[PDB]
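Enquirer: Data: work34.csv, CSV, C-alpha atoms.
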```csv
chain,number,residue,atom,x,y,z
A,191,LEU,CA,11.7,-16.6,-54.2
A,192,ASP,CA,14.9,-18.5,-55.0
A,193,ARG,CA,15.8,-21.9,-53.7
A,194,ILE,CA,18.7,-21.2,-51.3
A,195,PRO,CA,19.5,-24.2,-49.1
A,196,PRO,CA,21.0,-23.4,-45.7
A,201,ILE,CA,21.2,-17.7,-46.3
A,202,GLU,CA,22.3,-14.1,-45.6
A,203,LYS,CA,18.9,-13.3,-44.0
A,204,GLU,CA,16.8,-12.7,-47.2
A,205,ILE,CA,20.0,-12.6,-49.4
A,206,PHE,CA,20.2,-8.8,-48.6
A,207,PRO,CA,23.8,-8.3,-49.7
A,208,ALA,CA,23.0,-9.6,-53.1
A,209,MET,CA,19.6,-7.7,-53.0
A,210,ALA,CA,21.7,-4.6,-52.8
A,211,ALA,CA,24.2,-5.9,-55.3
A,212,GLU,CA,21.6,-5.7,-58.0
A,213,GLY,CA,20.5,-2.5,-56.4
A,214,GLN,CA,16.7,-3.0,-56.2
A,215,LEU,CA,16.4,-2.6,-52.4
A,216,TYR,CA,14.4,0.4,-51.1
A,217,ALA,CA,13.8,1.8,-47.6
A,218,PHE,CA,10.8,3.6,-46.2
A,219,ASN,CA,11.5,6.1,-43.4
A,220,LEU,CA,9.0,5.8,-40.5
A,221,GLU,CA,8.0,8.8,-38.4
A,222,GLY,CA,6.2,6.7,-35.9
A,223,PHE,CA,7.4,4.8,-32.8
A,224,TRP,CA,9.1,1.4,-33.1
A,225,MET,CA,10.4,-1.1,-30.5
A,226,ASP,CA,10.6,-4.8,-30.0
A,227,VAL,CA,8.2,-6.2,-27.4
A,228,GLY,CA,10.3,-9.0,-26.2
A,229,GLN,CA,10.6,-8.3,-22.5
A,230,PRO,CA,8.2,-7.1,-19.8
A,231,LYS,CA,10.1,-3.9,-19.5
A,232,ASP,CA,9.9,-3.4,-23.3
A,233,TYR,CA,6.2,-4.5,-22.9
A,234,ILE,CA,5.5,-1.6,-20.5
A,235,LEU,CA,7.5,0.9,-22.6
A,236,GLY,CA,5.7,-0.2,-25.8
A,237,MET,CA,2.4,0.2,-24.1
A,238,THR,CA,3.2,3.7,-22.8
A,239,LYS,CA,4.3,4.7,-26.3
A,240,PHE,CA,1.4,3.0,-28.1
A,241,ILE,CA,-1.6,4.2,-26.0
A,242,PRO,CA,-1.4,7.8,-27.2
A,243,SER,CA,-1.4,6.6,-30.8
A,244,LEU,CA,-4.8,5.1,-30.5
A,245,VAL,CA,-6.8,8.3,-29.8
A,246,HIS,CA,-8.4,8.1,-33.3
A,247,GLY,CA,-8.5,4.3,-33.4
A,248,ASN,CA,-10.8,2.9,-30.8
A,249,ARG,CA,-13.6,4.3,-28.6
A,250,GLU,CA,-11.4,4.7,-25.5
A,256,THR,CA,-11.6,16.9,-19.2
A,257,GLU,CA,-9.8,13.5,-19.6
A,258,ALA,CA,-12.7,11.5,-21.1
A,259,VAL,CA,-10.9,8.3,-22.3
A,260,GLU,CA,-13.1,6.5,-19.8
A,261,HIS,CA,-14.5,8.4,-16.8
A,262,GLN,CA,-17.8,7.0,-15.5
A,263,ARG,CA,-18.2,3.2,-15.7
A,264,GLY,CA,-19.3,1.9,-12.3
A,265,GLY,CA,-18.8,5.0,-10.2
A,266,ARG,CA,-17.3,8.5,-10.2
A,267,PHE,CA,-13.6,7.8,-10.6
A,268,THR,CA,-10.8,9.9,-12.1
A,269,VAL,CA,-8.3,9.0,-14.8
A,270,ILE,CA,-5.1,11.0,-14.9
A,271,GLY,CA,-4.1,10.1,-18.5
A,272,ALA,CA,-5.3,8.1,-21.5
A,273,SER,CA,-6.1,4.5,-20.7
A,274,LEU,CA,-8.0,1.5,-22.2
A,275,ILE,CA,-11.0,0.4,-20.0
A,276,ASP,CA,-12.9,-2.6,-21.3
A,277,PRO,CA,-16.6,-1.8,-21.3
A,278,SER,CA,-17.6,-4.9,-19.4
A,279,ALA,CA,-15.2,-4.1,-16.5
A,280,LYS,CA,-16.3,-2.6,-13.2
A,281,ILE,CA,-14.0,0.2,-11.9
A,282,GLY,CA,-15.6,0.8,-8.5
A,283,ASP,CA,-16.3,4.1,-6.8
A,284,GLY,CA,-13.1,6.0,-6.1
A,285,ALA,CA,-10.4,4.4,-8.2
A,286,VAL,CA,-7.6,6.4,-9.9
A,287,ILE,CA,-6.7,4.8,-13.2
A,288,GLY,CA,-3.2,6.1,-13.9
A,289,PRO,CA,-1.7,7.1,-17.2
A,290,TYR,CA,-1.4,4.5,-19.9
A,291,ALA,CA,-3.2,1.5,-18.3
A,292,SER,CA,-5.2,-1.3,-19.8
A,293,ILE,CA,-7.9,-3.4,-18.3
A,294,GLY,CA,-9.5,-6.6,-19.7
A,295,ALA,CA,-13.0,-7.9,-19.8
A,296,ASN,CA,-15.0,-8.7,-16.7
A,297,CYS,CA,-12.2,-7.3,-14.5
A,298,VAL,CA,-13.3,-6.0,-11.2
A,299,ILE,CA,-11.5,-3.1,-9.5
A,300,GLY,CA,-12.1,-2.2,-5.9
A,301,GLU,CA,-13.6,0.9,-4.2
A,302,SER,CA,-10.3,2.8,-4.3
A,303,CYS,CA,-7.3,1.7,-6.4
A,304,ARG,CA,-4.3,2.9,-8.2
A,305,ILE,CA,-3.7,1.3,-11.6
A,306,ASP,CA,-0.6,3.3,-12.7
A,307,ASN,CA,1.0,2.3,-16.1
A,308,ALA,CA,-0.1,-1.3,-15.6
A,309,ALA,CA,-2.0,-4.0,-17.5
A,310,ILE,CA,-4.8,-6.1,-16.1
A,311,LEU,CA,-5.7,-9.1,-18.3
A,312,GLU,CA,-9.0,-10.8,-18.4
A,313,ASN,CA,-11.1,-11.9,-15.4
A,314,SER,CA,-9.3,-10.4,-12.4
A,315,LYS,CA,-10.5,-9.2,-9.0
A,316,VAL,CA,-8.7,-6.4,-7.1
A,317,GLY,CA,-9.4,-5.4,-3.5
A,318,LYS,CA,-9.4,-1.9,-1.9
A,319,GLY,CA,-6.5,0.5,-1.7
A,320,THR,CA,-3.9,-1.6,-3.7
A,321,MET,CA,-1.4,0.0,-6.1
A,322,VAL,CA,-0.4,-1.7,-9.3
A,323,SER,CA,2.5,0.3,-10.7
A,324,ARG,CA,4.4,-0.6,-13.9
A,325,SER,CA,3.4,-4.2,-13.6
A,326,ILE,CA,1.3,-6.9,-15.2
A,327,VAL,CA,-1.1,-9.5,-13.8
A,328,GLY,CA,-2.3,-12.9,-15.0
A,329,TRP,CA,-5.5,-14.0,-16.6
A,330,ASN,CA,-7.6,-15.3,-13.7
A,331,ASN,CA,-5.5,-13.5,-11.1
A,332,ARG,CA,-7.1,-12.8,-7.8
A,333,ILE,CA,-5.4,-9.9,-6.0
A,334,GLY,CA,-5.6,-9.1,-2.3
A,335,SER,CA,-7.1,-6.0,-0.8
A,336,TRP,CA,-4.4,-3.7,0.6
A,337,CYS,CA,-1.4,-5.1,-1.3
A,338,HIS,CA,1.3,-3.1,-3.1
A,339,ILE,CA,2.6,-4.4,-6.4
A,340,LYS,CA,5.1,-2.1,-8.1
A,341,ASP,CA,8.2,-2.2,-10.4
A,342,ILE,CA,8.5,-4.6,-13.3
A,343,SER,CA,6.8,-7.7,-11.8
A,344,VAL,CA,4.7,-10.2,-13.8
A,345,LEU,CA,2.2,-12.4,-12.2
A,346,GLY,CA,1.4,-15.7,-13.9
A,347,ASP,CA,-2.0,-17.3,-14.4
A,348,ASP,CA,-4.4,-18.0,-11.5
A,349,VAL,CA,-2.1,-16.6,-8.8
A,350,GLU,CA,-3.5,-15.2,-5.5
A,351,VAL,CA,-1.9,-12.8,-3.0
A,352,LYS,CA,-3.1,-12.2,0.5
A,353,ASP,CA,-3.8,-8.9,2.1
A,354,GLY,CA,-1.0,-6.5,2.7
A,355,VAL,CA,1.8,-8.0,0.6
A,356,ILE,CA,4.5,-6.0,-1.2
A,357,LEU,CA,5.8,-7.6,-4.4
A,358,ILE,CA,8.5,-5.4,-5.8
A,359,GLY,CA,9.8,-6.8,-9.2
A,360,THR,CA,9.1,-10.5,-8.5
A,361,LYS,CA,7.8,-12.8,-11.2
A,362,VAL,CA,5.5,-15.6,-9.8
A,363,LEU,CA,4.8,-18.9,-11.6
A,364,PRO,CA,1.3,-20.0,-12.5
A,365,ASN,CA,-1.1,-21.4,-9.8
A,366,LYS,CA,1.3,-20.3,-7.1
A,367,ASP,CA,0.2,-18.6,-3.9
A,368,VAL,CA,1.9,-15.6,-2.3
A,369,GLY,CA,1.6,-14.5,1.3
A,370,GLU,CA,5.0,-13.0,2.2
A,371,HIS,CA,6.8,-9.7,1.4
A,372,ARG,CA,9.5,-9.6,-1.3
A,373,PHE,CA,11.5,-6.4,-1.3
A,374,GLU,CA,14.1,-7.6,-3.8
A,375,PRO,CA,13.9,-8.8,-7.4
A,376,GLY,CA,13.5,-12.6,-7.7
A,377,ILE,CA,11.3,-15.5,-8.7
A,378,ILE,CA,8.7,-17.4,-6.7
A,379,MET,CA,8.1,-21.1,-7.5
B,191,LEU,CA,9.2,9.5,56.4
B,192,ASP,CA,12.7,9.2,57.9
B,193,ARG,CA,15.8,11.3,56.9
B,194,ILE,CA,18.0,8.8,55.1
B,195,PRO,CA,20.8,10.6,53.2
B,196,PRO,CA,22.1,8.8,50.0
B,201,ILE,CA,18.6,4.8,48.8
B,202,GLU,CA,18.1,1.1,49.3
B,203,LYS,CA,14.8,1.1,47.4
B,204,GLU,CA,13.3,3.4,50.1
B,205,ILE,CA,14.6,1.0,52.8
B,206,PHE,CA,12.4,-2.0,51.8
B,207,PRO,CA,14.7,-4.7,53.4
B,208,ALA,CA,14.3,-3.0,56.8
B,209,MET,CA,10.6,-2.3,56.1
B,210,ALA,CA,10.1,-6.1,55.9
B,211,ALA,CA,12.5,-6.5,58.8
B,212,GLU,CA,10.0,-5.0,61.2
B,213,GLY,CA,7.4,-7.1,59.4
B,214,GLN,CA,4.9,-4.3,58.6
B,215,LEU,CA,4.9,-4.6,54.8
B,216,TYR,CA,1.8,-5.9,52.9
B,217,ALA,CA,1.1,-6.8,49.3
B,218,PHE,CA,-2.0,-6.5,47.1
B,219,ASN,CA,-2.5,-9.1,44.4
B,220,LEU,CA,-3.8,-7.6,41.1
B,221,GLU,CA,-6.0,-9.5,38.7
B,222,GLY,CA,-5.7,-6.9,35.9
B,223,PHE,CA,-3.0,-6.2,33.3
B,224,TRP,CA,0.3,-4.6,34.1
B,225,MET,CA,3.2,-3.5,31.9
B,226,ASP,CA,5.7,-0.7,31.7
B,227,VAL,CA,5.1,1.7,28.8
B,228,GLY,CA,8.7,2.7,28.2
B,229,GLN,CA,9.2,1.7,24.5
B,230,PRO,CA,7.1,2.0,21.3
B,231,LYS,CA,6.7,-1.8,21.2
B,232,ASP,CA,5.5,-1.7,24.9
B,233,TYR,CA,3.4,1.3,23.9
B,234,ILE,CA,1.6,-0.8,21.3
B,235,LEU,CA,1.2,-3.8,23.5
B,236,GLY,CA,-0.1,-1.7,26.4
B,237,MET,CA,-2.6,-0.1,24.1
B,238,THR,CA,-3.8,-3.5,22.8
B,239,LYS,CA,-4.2,-4.8,26.3
B,240,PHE,CA,-5.8,-1.6,27.7
B,241,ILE,CA,-8.4,-0.8,25.0
B,242,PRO,CA,-10.7,-3.8,26.0
B,243,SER,CA,-10.6,-2.6,29.6
B,244,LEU,CA,-12.3,0.7,28.7
B,245,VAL,CA,-15.7,-0.7,27.6
B,246,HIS,CA,-17.4,0.6,30.7
B,247,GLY,CA,-15.2,3.7,31.1
B,248,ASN,CA,-15.7,6.0,28.1
B,249,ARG,CA,-18.4,6.5,25.4
B,250,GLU,CA,-16.3,4.6,22.8
B,256,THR,CA,-22.6,-5.4,15.7
B,257,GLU,CA,-19.3,-3.7,16.6
B,258,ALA,CA,-20.6,-0.4,17.8
B,259,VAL,CA,-17.5,1.2,19.4
B,260,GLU,CA,-17.7,3.8,16.6
B,261,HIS,CA,-19.4,2.9,13.4
B,262,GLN,CA,-20.8,6.0,11.6
B,263,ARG,CA,-18.9,9.3,11.9
B,264,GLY,CA,-18.4,10.7,8.4
B,265,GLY,CA,-19.5,7.8,6.3
B,266,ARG,CA,-20.5,4.1,6.4
B,267,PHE,CA,-17.2,2.6,7.5
B,268,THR,CA,-16.5,-0.7,9.3
B,269,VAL,CA,-14.6,-1.3,12.5
B,270,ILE,CA,-13.3,-4.8,13.1
B,271,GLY,CA,-12.6,-4.5,16.8
B,272,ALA,CA,-12.9,-2.0,19.6
B,273,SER,CA,-11.2,1.3,19.0
B,274,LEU,CA,-11.2,4.9,20.3
B,275,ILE,CA,-12.4,7.4,17.7
B,276,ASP,CA,-12.3,11.1,18.7
B,277,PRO,CA,-15.8,12.6,18.0
B,278,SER,CA,-14.4,15.6,16.1
B,279,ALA,CA,-12.4,13.4,13.7
B,280,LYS,CA,-13.6,12.6,10.2
B,281,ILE,CA,-13.2,8.9,9.2
B,282,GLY,CA,-14.2,9.2,5.5
B,283,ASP,CA,-16.4,6.9,3.5
B,284,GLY,CA,-15.0,3.4,3.3
B,285,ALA,CA,-12.2,3.2,5.9
B,286,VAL,CA,-11.6,0.0,8.0
B,287,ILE,CA,-10.5,1.0,11.5
B,288,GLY,CA,-8.7,-2.1,12.7
B,289,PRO,CA,-8.7,-3.6,16.1
B,290,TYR,CA,-7.4,-1.5,19.0
B,291,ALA,CA,-6.7,1.8,17.3
B,292,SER,CA,-6.8,5.4,18.6
B,293,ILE,CA,-7.5,8.6,16.7
B,294,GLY,CA,-7.0,12.2,18.0
B,295,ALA,CA,-9.1,15.3,17.6
B,296,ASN,CA,-9.5,17.0,14.2
B,297,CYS,CA,-7.8,14.0,12.5
B,298,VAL,CA,-8.9,13.4,8.9
B,299,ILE,CA,-8.9,9.9,7.4
B,300,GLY,CA,-9.2,9.3,3.7
B,301,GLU,CA,-11.9,7.7,1.6
B,302,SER,CA,-10.5,4.2,2.2
B,303,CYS,CA,-7.9,3.4,4.8
B,304,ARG,CA,-6.6,0.7,7.2
B,305,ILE,CA,-5.8,1.8,10.7
B,306,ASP,CA,-4.7,-1.5,12.2
B,307,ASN,CA,-3.5,-1.5,15.8
B,308,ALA,CA,-2.1,2.0,15.4
B,309,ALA,CA,-2.4,5.4,17.0
B,310,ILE,CA,-3.0,8.7,15.3
B,311,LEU,CA,-2.3,11.8,17.5
B,312,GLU,CA,-3.9,15.2,17.1
B,313,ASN,CA,-4.3,17.1,13.8
B,314,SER,CA,-3.2,14.6,11.1
B,315,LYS,CA,-4.3,14.2,7.5
B,316,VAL,CA,-4.3,10.8,5.8
B,317,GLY,CA,-4.8,10.1,2.1
B,318,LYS,CA,-6.6,7.3,0.3
B,319,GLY,CA,-5.7,3.6,0.5
B,320,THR,CA,-2.8,3.8,3.0
B,321,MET,CA,-2.2,1.2,5.7
B,322,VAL,CA,-1.0,2.2,9.2
B,323,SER,CA,-0.2,-1.1,11.0
B,324,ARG,CA,1.3,-1.3,14.5
B,325,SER,CA,2.7,2.2,14.2
B,326,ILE,CA,2.4,5.7,15.6
B,327,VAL,CA,2.3,9.1,13.9
B,328,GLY,CA,3.2,12.6,15.1
B,329,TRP,CA,1.1,15.5,16.2
B,330,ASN,CA,0.8,17.6,13.0
B,331,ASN,CA,1.8,14.8,10.8
B,332,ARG,CA,0.7,15.0,7.1
B,333,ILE,CA,0.6,11.5,5.5
B,334,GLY,CA,0.6,10.8,1.8
B,335,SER,CA,-2.2,9.1,-0.1
B,336,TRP,CA,-1.1,5.5,-1.1
B,337,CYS,CA,1.7,5.0,1.3
B,338,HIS,CA,2.3,1.8,3.4
B,339,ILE,CA,3.5,2.3,7.0
B,340,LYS,CA,3.8,-0.9,9.1
B,341,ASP,CA,5.8,-2.5,11.9
B,342,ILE,CA,7.0,-0.6,14.9
B,343,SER,CA,7.8,2.8,13.3
B,344,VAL,CA,7.3,6.1,15.1
B,345,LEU,CA,6.9,9.4,13.1
B,346,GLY,CA,7.9,12.6,14.8
B,347,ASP,CA,6.1,15.9,14.9
B,348,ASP,CA,5.2,17.7,11.6
B,349,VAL,CA,6.7,15.0,9.3
B,350,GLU,CA,5.4,14.6,5.7
B,351,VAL,CA,5.6,11.6,3.4
B,352,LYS,CA,5.0,11.6,-0.3
B,353,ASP,CA,2.7,9.3,-2.2
B,354,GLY,CA,3.6,5.6,-2.4
B,355,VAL,CA,6.3,5.3,0.3
B,356,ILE,CA,6.8,2.2,2.3
B,357,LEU,CA,8.3,2.9,5.8
B,358,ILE,CA,8.8,-0.4,7.6
B,359,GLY,CA,10.0,0.1,11.2
B,360,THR,CA,11.9,3.4,10.7
B,361,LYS,CA,11.7,6.3,13.2
B,362,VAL,CA,11.9,9.7,11.6
B,363,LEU,CA,12.9,12.9,13.4
B,364,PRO,CA,10.7,16.0,13.7
B,365,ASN,CA,10.1,18.4,10.8
B,366,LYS,CA,11.9,15.9,8.4
B,367,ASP,CA,10.5,15.0,5.0
B,368,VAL,CA,10.4,11.4,3.6
B,369,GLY,CA,10.2,10.5,-0.1
B,370,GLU,CA,12.1,7.2,-0.5
B,371,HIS,CA,11.4,3.7,0.5
B,372,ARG,CA,12.9,2.1,3.6
B,373,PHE,CA,12.6,-1.7,3.8
B,374,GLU,CA,14.9,-2.1,6.8
B,375,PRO,CA,14.8,-0.8,10.4
B,376,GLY,CA,16.7,2.4,10.8
B,377,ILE,CA,16.5,6.2,11.5
B,378,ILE,CA,15.9,9.1,9.2
B,379,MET,CA,17.6,12.4,10.1
```
Hey, can you dump this file as structure tokens for me?
Expert:
Amino acid sequence: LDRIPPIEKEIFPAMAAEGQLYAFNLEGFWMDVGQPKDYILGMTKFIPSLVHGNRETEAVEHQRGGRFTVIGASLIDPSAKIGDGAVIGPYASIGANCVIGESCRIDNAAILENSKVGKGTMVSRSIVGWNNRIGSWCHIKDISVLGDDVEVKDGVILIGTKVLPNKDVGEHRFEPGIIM
Amino acid sequence: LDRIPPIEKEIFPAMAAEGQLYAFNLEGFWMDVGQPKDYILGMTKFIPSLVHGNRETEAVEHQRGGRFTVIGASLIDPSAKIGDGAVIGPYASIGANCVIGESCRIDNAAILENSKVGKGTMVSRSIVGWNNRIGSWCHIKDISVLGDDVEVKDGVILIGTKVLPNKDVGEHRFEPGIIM
């Protein structure tokens, strides 16, 4: 600690000038989670590193509310209900009290907090809001982030579109964009 | 029968000229099934007229292979297997030996002869081939006709595209067109 009014970061050039700066090589993964794409990539790199950390034949989480199959490792919150014939894809996370329909596909996607999901939808490489209420037969794929308390009708196809909070969606979007 | 070498609509002007032509007014439906769109419209007008004709609380066909729900009247071939949680939409037809997945949406669509359908797909206002083999989580909607012995991979979205026989589809199509 030295009083340096505005500042070469932490005075690193001088730190090397007196030659007391050391480096520690890391064998593990490293990436900056600053974007939704980087968010998904960090999740898919970080999930396998938690095998010895937390509680969760692929037995990361297999029988919660019914006989469903998980292709790869995933984080299933114990209070959640998965359904009867869902297929939780590789490297997926699900929050507390989340409800997943009778048959679903959660592929490399994150479901946060209290969310309801219908029957037959596919959530691929995407994120959903906190109190999100998702339709039954929709199709959400690519890097699309859904804000808080959004709702989508049945049979909508959001492909890489970010929606703002409290909005409502009822129409297809086949191109990247933003919904206000 | 009179020998008229070539043509005037079987000589209807003269037929009326001798004044021996009668007409019968029809109270029922009538339309020319010459296009897939007209095919779908004729099906949706003709299905309700068969309530007293053939064998098939909405009890047109309710329990075949599992406890599934039918929203409206539909024609389910007895040899078919519907699944466990399918939702056969209004005015749909299914051919013999057809297999429908655990949860499906057959909405105003026709399935012809031996076809297999995965889990969670949606077939809306469309037709499928004879020996068609449909993927699991696909999404086929709008007026799209699939030829004979076509196959679609998982998670494809065909929106109003007509595919030729024996072809294979593995990529999305968000616009009307033809696949060779």
Enquirer: Which of these, A:283, A:312, A:250, A:348, has the shortest distance to chain B once you count all atoms listed in the file?
Expert: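 Closest to chain B, using all atoms listed in the file: A:283.
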Enquirer: Distance limit 10 Å, atoms considered: only C-alpha atoms. Which chain B residues sit that close to chain A? Return them as number ranges by chain.
Expert: B: 284-285, 301-304, 318-321, 323, 335-338, 340, 354, 356, 372-374
Enquirer: Mind pulling up the distance from CA of residue 349 (chain B) to CA of residue 274 (chain B)?
Expert: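 Answer for the CA of residue 274 (chain B) to CA of residue 349 (chain B) separation: 23.3 Å.
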Enquirer: CA of residue 281 (chain A) and CA of residue 262 (chain A) are how many Å apart?
Expert: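 These atoms are spaced 8.6 Å apart.
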Enquirer: What's the 6 Å shell around residue 362 (chain A), counting only C-alpha atoms, without same-chain residues fewer than 6 positions away, as a PyMOL selection string?
Expert: chain A and resi 345-346+377-378
Enquirer: With all atoms listed in the file as the basis for distance, which of A:351, A:220, A:204, A:212 is at the shortest distance from residue 317 (chain A)?
Expert: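 Counting all atoms listed in the file, the residue closest to residue 317 (chain A) is A:351.
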Enquirer: I'd like the neighbourhood of region 268-272 of chain B as a count of residues only, where a residue qualifies if any of its atoms comes within 9 Å (using all atoms listed in the file), though same-chain residues fewer than 3 positions away should be ignored.
Expert: 18
Enquirer: Would you please work out which residue, of A:341, A:347, A:232, A:192, is nearest to residue 314 (chain A) when using all atoms listed in the file?
Expert: A:347
Enquirer: Tell me which of B:358, B:248, B:292, B:266 sits closest to residue 234 (chain B), counting only C-alpha atoms.
Expert: B:292
